[PDB]
Every structure is written in structure tokens, then in C-alpha cells.
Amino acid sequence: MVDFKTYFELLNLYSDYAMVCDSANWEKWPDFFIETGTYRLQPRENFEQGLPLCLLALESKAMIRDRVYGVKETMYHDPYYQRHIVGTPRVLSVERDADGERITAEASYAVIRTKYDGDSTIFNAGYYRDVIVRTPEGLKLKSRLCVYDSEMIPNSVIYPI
């Protein structure tokens, strides 16, 4: 379904996304997406019931850049550490068009939040549903959907999930 080089790059993509959005370099979050890539962060209750509302729907890499700028310069928020624990990813399909190949893959995740002097808590838990394509810069996300179980949000989601 995928050869070793692609599987290596895929696990690296999941890990890179997780660890970069936990680091001080989280503003590089849009670099994981192609220019037409989308990012949706949606509660399980809306997703399972066919309700289209998300917690966050960035319908372009440009809108993702918008979100990064808003978070970095226009939103007053409690600073916090976050730590992505991404479980073992699974490869579901590889499909082909005239654009090239698309890889569909999933991975469960747990985002752990630590406020400055507080306990580490399960901030947001759910799973990724990704369509991944290959660009000259490596594997990138064409679409990322985060269906999260943690519907009762601990007050606010600021940094990328």
C-alpha cells in the first residue's frame, strides 16, 4: 500500500505536526498544508449527527495563516504548555488521480494541557482523519479533520490541535 520511505515520511509527518504545534515554533503550523488544504476541528456530537458546525473551520491555507496571526497578535489568552500524544497511526487507503496519489490515514490523539503552575490535564482528545499528498517539500496535508471527544472544552482552545 505504501513503501518504507513513504511510511517513514508519514509517521514523521504525524510526529512533526504534533511536536511543532507543542513548541515555540507553532506558527509554522500552516506549513503542513498545501495551499488549498483545509483544517476542521469538530465535536463528535456534531460529526456523528451530520451537523455541519465545527469548533473551527479553516477552509484554506490562507485561513490557517489568518488563525495563526489572530492567535499570535489579537487574542488575550492564558499562556499554557500543550503536549500532543499521537497514538500509532493507521493507513487506510491510497488513491490516484491526474493530480497524483492521495493517502488516507487516521491517528488518535490526546492533547495534554499544563497551565503555568497547574496539573497536567487531558485538554482535548479525539482523532485525526487526514488526506495526505506528496509535494516537492515532502508529505503535506490536503485536509485534516479532528473529531474530538472532549466536547466540554476547558474554557478555550487557542493553539493548534
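In this text, residue numbers run from 1 along the sequence as written.
Enquirer: Should the higher mean CA B-factor in the entry be assigned to 116-124 or to 57-65?
Expert: Here the higher of the two C-alpha B-factor means belongs to 57-65.
Enquirer: Is the mean CA B factor in the deposited entry higher across 33-41 or across 97-105?
Expert: The stretch with the larger mean CA B-factor is 97-105.
Enquirer: With respect to the C-alpha temperature factors reported in the PDB entry, which of 19, 145, 141, 24 ranks highest?
Expert: Of 19, 145, 141, 24, 24 has the highest C-alpha B-factor.
Enquirer: Check where residue 133 lands among this chain's C-alpha B-factors and tell me if it's the lowest, middle or highest third.
Expert: Its C-alpha B-factor belongs to the middle third of this chain's values.
Enquirer: Pull the Cα B-factor of residue 152 out of the PDB entry and bin it into the chain's lowest, middle or highest third.
Expert: Middle third.
Enquirer: Ranking the modelled residues of this chain by C-alpha B-factor as given in the entry, is residue 85 in the lowest, middle or highest third?
Expert: Tercile = lowest for this residue's CA B-factor.
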